[PDB]
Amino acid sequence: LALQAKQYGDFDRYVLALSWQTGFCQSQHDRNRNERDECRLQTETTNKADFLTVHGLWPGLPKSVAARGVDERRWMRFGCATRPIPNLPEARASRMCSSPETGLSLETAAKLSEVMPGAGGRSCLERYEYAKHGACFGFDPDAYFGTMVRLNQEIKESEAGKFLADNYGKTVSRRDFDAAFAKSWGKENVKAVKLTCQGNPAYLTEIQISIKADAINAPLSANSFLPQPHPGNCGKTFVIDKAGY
């Protein structure tokens, strides 16, 4: 089912946010944070690429919102909660479950759980994510979360996901990662990716990909991406963290 905005739909992109699950857990641990049930339960699996989980799908700054004075950073920080508009209740990471239940169908909830360990349960990551990046757009939750799942799978199945899989636990260079990405989607789209790392030596924690708003309901190709200015804080070499602290 197609993902369509009903309000503030005049934005040009979506940032698919994927996290290297193992790395994510590794960081929460090293920062001395409380271990979540998703990390405490985290365990080794057959397809290493499956460690690439869904974090979210974030629409870019809507022109109609920018027109009212909202800037890129404010948008990145508050999303649907920016003022003067859309001005919806702020979604807080410290109380994700306090955000409104999305209305996601049981079927889509199950598909999401398989790839978004933080969804539902006592985390409620999907409520936080929808309140911040979807509610103000009137997105059908099913089409919204259903699209994240699809995109995550296509990524995992491309040379990008395979790259991660083959270098599981190894140190890689941003250069080769870029070649892996460019291999499936073109050299010119390498700048659509922002990588996030933690620690020193740096290890991967998240992958952010800029996708054209107009190409969101189609299988990814070399015309689905938009370059963006932030390479990330990973440096030219980083580690594809393995499961376990």
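From 1 onward, residues are counted along the sequence shown.
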Checklist entry - Do the CA atoms of 193-201 or those of 36-44 have the higher mean B-factor in the entry? => result 36-44
Checklist entry - Looking at the deposited entry, does 135-143 or 101-109 carry the larger mean Cα B-factor? => result 101-109
Checklist entry - So among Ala93, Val172, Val149, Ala81, who wins on Cα B-factor in the entry? => result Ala93
Item to check | Most elevated Cα B-factor in the entry, residues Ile216, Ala49, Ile209, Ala67 | outcome: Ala49
Next on the checklist: Considering every modelled residue of the chain and its Cα B-factor in the PDB entry, is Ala222 in the lowest, middle or highest third?
Outcome noted: middle
Checklist entry - Taking the entry's C-alpha B-factors for this chain, is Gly232 in the lowest, middle or highest third? => result lowest
Next on the checklist: Lowest, middle or highest third: which one holds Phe181 when the chain's residues are ordered by CA B-factor from the entry?
Outcome noted: middle
Item to check | Among modelled residues of the same chain, the CA temperature factor third for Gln153 | outcome: lowest
Checklist outcome for this item: On the chain's distribution of Cα B-factors, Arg127 falls within the third called lowest
